[PDB]
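Chains A and B supply the protein sequences, listed in that same order.
Residue numbers 1 to 45, 52 to 275, 279 to 305, in the deposited numbering, belong to the letters of the first sequence in order.
Okay, so the second sequence: first residue is 1 according to the deposited numbering, each after it adds one.
Ideal placement from N, C-alpha and C gives every residue a C-beta, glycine not left out.
This report refers to the structure that appears directly beneath it.
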Amino acid sequence: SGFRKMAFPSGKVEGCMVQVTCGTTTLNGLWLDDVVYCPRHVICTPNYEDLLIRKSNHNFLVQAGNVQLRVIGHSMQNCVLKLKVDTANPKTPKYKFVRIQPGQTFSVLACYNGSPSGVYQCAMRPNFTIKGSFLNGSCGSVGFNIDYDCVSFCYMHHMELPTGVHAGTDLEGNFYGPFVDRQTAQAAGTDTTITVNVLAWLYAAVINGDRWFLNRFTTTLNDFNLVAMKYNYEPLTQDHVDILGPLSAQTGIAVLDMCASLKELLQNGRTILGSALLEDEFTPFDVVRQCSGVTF
Amino acid sequence: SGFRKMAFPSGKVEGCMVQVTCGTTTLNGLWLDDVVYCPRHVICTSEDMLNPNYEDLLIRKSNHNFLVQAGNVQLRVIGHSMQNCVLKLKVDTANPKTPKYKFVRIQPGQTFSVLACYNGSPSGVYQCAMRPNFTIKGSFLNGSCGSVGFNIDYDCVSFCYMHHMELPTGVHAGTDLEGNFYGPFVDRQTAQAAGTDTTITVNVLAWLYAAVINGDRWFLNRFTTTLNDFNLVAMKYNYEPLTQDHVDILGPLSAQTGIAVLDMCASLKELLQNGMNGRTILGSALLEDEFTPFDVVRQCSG
Ligand SMILES: *C(=N)[C@@H]1C[C@@]2(CN1C(=O)[C@H](CC(C)C)N(C)C(=O)c1cc3c(F)cc(F)c(F)c3[nH]1)C(=O)Nc1ccccc12
Ligand SMILES: *C(=N)[C@@H]1C[C@@]2(CN1C(=O)[C@H](CC(C)C)N(C)C(=O)c1cc3c(F)cc(F)c(F)c3[nH]1)C(=O)Nc1ccccc12
């Protein structure tokens, strides 16, 4: 029993982290095969096309611990810098690049100077920001999930907003949300609660012996959606009902019955899983992987 | 900026996890050098779990009775010895992935990362704290015994915990890497009760300093208190006593924010009497006690 904010085992990702230095700027790089992916803002003192044409291969100092890697080429893809290196990473795992949807979670391996400092779970907020923990030097730190034995890289850290939340790109350099890689005052849209994730966390509470919030009532998907609007909650789709199915069968509580419990919880407000708020940073798959004991 | 429940990168520990099987029992083992450390209850029979005689069961075991697997590589056991509640299995090959490591025994209130494993393979990593009643609030299912707790300063892995059992309340109990249980727990399937748990006061105060560092000031007040008056309050709320030693360790955080410890104590006293009134501190609607003053410094400074 027990329910914690559990990250993925970061072992496969640590073997990919390298230090990238350009001028007086030092950040992190993701070494996969013979390419090092890192935020392009490492070339700033901005016109990225201009600054990149004025760079040579040896202008980029890449370090894998104490081993200096020789840059044999460089190219830009959106907001990511791709540095071709002479040696392929022997610790390159089975990996792929994915772009996650708002509401999806991932583990962040925070790094400084190419070395991993810590690991934590994060959710891609519906306003396309992450509520992470990043200090100066953590750009290039990545977000990932693990399915079977494949690392799915979904996030690269680029910036912090004046509000304290963070923003970054997928591994193709495409920013999540309306953010740009300029050191300018940027504002995130009004954030909303990930409804399907709160429902999955309520199923995790039933699995761990918390039933006080349950009620006899059931609802329709349309009535529950009218309620979600009045509370800044993301709409619940029929697709979300299908992904909640396995958790609904394991507890014997229909999704629309748990929706009537969530409606009641939102109108009145005890603790659930040691929290005094409705937690939205656990997907239905996060609940299954923790409560079923999925390994990697 | 930002404040999260941050675990240590588990890479160095994943390379040490092996699967240990004894009879019909399968659990996790920690492979360091040519020794595999695991909970000794792996030698218990499904029938006699209440009062096993470990010295008696270990004398009737041979090296070939222990099946150790490192992924797909079966390791040959060349010897076996018992140290308190841990079983140490001498193996023929030294772990090539053995990191720089040491064994430490933590004090209640201290935090650490838990690499949860099943069948020798890592499932997940979370942050934990040694509760004042000597239990941990882990997330563990059957087959998780042998999973370890660790801290990684510089490049050395401090192994401080090995998972052994779950108590009827859903909390967990285990040993240090010398096999000494934390608390009054024994490795038997006998009726065991953890004492009434209490809140780690110094950790809540450190987390309040982390909130000021991250721009949360709503809970602050002009009042100050004495250490003795605050301690009378802590009792009325099931909080552990705040000692002068705790004031000293909180010093660096107090100097970085300019808020005296006894002033933050008057804010905690106020927070305990009213609550949150709908407000949140660092995204939590409760007073968090699982961050030591050193965890706050690690995360906020680097
Ligand atoms: C990456 N190495 C660091 C880590 C940091 C963001 N970051 C950057 O390099 C950012 C690059 C820009 C996208 C060009 N960066 C400097 C910012 O995001 C940034 C700078 C400021 C301010 F000066 C003021 C401000 F109000 C603001 F919102 C800013 N954002 C990160 O994740 N956290 C952090 C803290 C301190 C310095 C750097 C970074
Ligand atoms: C380790 N492989 C598993 C994981 C589990 C505890 N655990 C054990 O093997 C424990 C060994 C004892 C110390 C001999 N174990 C069986 C328990 O701690 C245990 C068994 C029971 C009960 F039958 C009833 C009960 F009320 C109780 F509190 C028990 N504790 C773990 O951490 N969580 C878990 C869940 C289910 C099975 C095993 C384990």
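### Query
residue 220 of chain A touches chain B at which residues, Cβ-Cβ below 9 angstroms?
For the purposes of this step, residue 220 of chain A is identified with residue 214 of the first sequence, where counting begins at 1. The contacting residues do not exist; residue 220 of chain A stays about 19 angstroms from chain B at best.
### Query
Taking 7 angstroms as the line, does the beta carbon of residue 189 of chain B fall inside it for any heavy atom of ligand 2?
Taking the first residue of the second sequence as position 1, residue 189 of chain B is located at position 189. Within the cutoff, so yes.
### Task
For the beta strand (DSSP E) holding residue 90 of chain A, just list the boundary residues, first then last.
Counting from one through the first sequence, the residue named residue 90 of chain A turns up at place 84. It spans 86-91 - the beta strand (DSSP E) in which residue 90 of chain A sits, taken as one unbroken run.
### 8 angstroms Cβ cut-off: residues of chain B touching residue 46 of chain A
Between 45 and 52 in chain A the model has nothing, and residue 46 of chain A is one of the residues in that span.
### Query
Would the C-beta of residue 290 of chain B count as close to ligand 2, meaning under 7 angstroms from any of its heavy atoms?
Numbered from 1 along the second sequence, position 290 holds the residue referred to as residue 290 of chain B. False, no ligand heavy atom lies under 7 angstroms from that Cβ.
### Query
So is residue 81 of chain B in contact with chain A if we call contact Cβ pairs under 8 angstroms?
The sequence position of residue 81 of chain B within the second sequence is 81, counting from 1. No - not a single Cβ of chain A is within 8 angstroms of the one on residue 81 of chain B.
### Query
Any Cβ of chain B within less than 8 angstroms of the Cβ of residue 285 of chain A?
In the first sequence, the residue the question calls residue 285 of chain A occupies position 276. Yes, residue 285 of chain A counts as interfacial toward chain B.
### Task
For residue 100 of chain A, collect the residues of the same chain with a Cβ closer than 8 angstroms to its Cβ; drop the 5 residues on either side in sequence, then sort them by chain order.
For the purposes of this step, residue 100 of chain A is identified with residue 94 of the first sequence, where counting begins at 1. Correct list, in chain order: 155, 156 and 157.
### Task
Give the interface partners of residue 8 of chain B over in chain A, defined as CB-CB distance under 8 angstroms, in chain order.
Indexing the second sequence from 1 puts residue 8 of chain B at position 8. Within chain A, the residues near residue 8 of chain B are 124 and 125.
### Query
Where residue 138 of chain A and residue 45 of chain B are concerned, what is the direct C-alpha to C-alpha distance, given to the nearest angstrom?
Here residue 138 of chain A is taken as the residue at index 132 of the first sequence, counted from 1. Here residue 45 of chain B is taken as the residue at index 45 of the second sequence, counted from 1. Approximately 47 angstroms between the Cα atoms of the pair.
### Task
Go ahead and pull the three-state DSSP assignment for residue 209 of chain A.
On the first sequence, position 203 is the one that residue 209 of chain A refers to. Residue state, collapsed to three classes: helix.
### Message
Looking at the secondary structure, which residues open and close the beta strand (DSSP E) in which residue 252 of chain B lies?
### Response
Translated into positions along the second sequence, residue 252 of chain B becomes position 252. Careful: residue 252 of chain B lies outside any beta strand (DSSP E), inside the alpha helix (DSSP H) at 244-257.
### residue 28 of chain B - containing beta strand (DSSP E), residue span
Within the second sequence, the letter at position 28 stands for residue 28 of chain B. Element bounds for residue 28 of chain B: 25-32.
### Task
Flag residue 184 of chain A as yes when its Cβ comes closer than 7 angstroms to any non-hydrogen atom of ligand 1, and as no otherwise.
For this step, residue 184 of chain A is matched to residue 178 along the first sequence. No.
#### Entry: residue 106 of chain B, DSSP secondary structure in three states
Residue mapping note: residue 106 of chain B aligns to position 106 of the second sequence, counting from 1. Coil.
### Task
Check the DSSP bridge columns for residue 157 of chain A and list the partner residues they point to.
Along the first sequence, read from residue 1 onward, the residue named residue 157 of chain A stands at position 151. DSSP output for residue 157 of chain A lists A:101 and A:152 as bridge partner(s).
### Which residues DSSP lists as bridging residue 7 of chain B, in chain order
Translated into positions along the second sequence, residue 7 of chain B becomes position 7. Answer is A:125.
### Query
Start and end of the alpha helix (DSSP H) containing residue 267 of chain B?
Counted from its first residue, the second sequence places residue 267 of chain B at position 267. It spans 261-274 - the alpha helix (DSSP H) in which residue 267 of chain B sits, taken as one unbroken run.
### Task
Would you decide whether residue 207 of chain B is buried or exposed? Buried here means 16 or more other CB atoms lie within 10 Å of its CB.
For the purposes of this step, residue 207 of chain B is identified with residue 207 of the second sequence, where counting begins at 1. The residue is buried, with at least 16 neighbouring Cβ atoms inside 10 Å.
### Query
Could one say the Cβ of residue 182 of chain B lies closer than 8 angstroms to chain A's Cβ atoms, at least one of them?
What you label residue 182 of chain B is simply residue 182 of the second sequence in a count that begins at 1. Not an interface residue.
### Query
What distance in whole Å lies between the Cβ atoms of residue 148 of chain A and residue 159 of chain A, which are believed to be in contact at a cut-off of 8 angstroms?
Walking along the first sequence from the start, residue 159 of chain A turns up at place 153. Walking along the first sequence from the start, residue 148 of chain A turns up at place 142. 6 angstroms between Cβ atoms; contact.
### Query
Quick one: what's residue 37 of chain A bridged to in DSSP?
In the first sequence, counting from the first residue as 1, residue 37 of chain A sits at position 37. Residue 37 of chain A pairs with A:30 and A:88.
#### Entry: Residue range of the unbroken alpha helix (DSSP H) whose run includes residue 294 of chain A
By 1-based counting over the first sequence, the position of residue 294 of chain A is 285. Residue 294 of chain A -> alpha helix (DSSP H) spans 293-301.
### Query
Do the CB positions of residue 125 of chain B and residue 115 of chain B come within less than 8 angstroms of each other?
To locate residue 125 of chain B, count along the second sequence from 1; it is residue 125. To locate residue 115 of chain B, count along the second sequence from 1; it is residue 115. Cβ distance < 8 angstroms, so residue 125 of chain B and residue 115 of chain B count as in contact.
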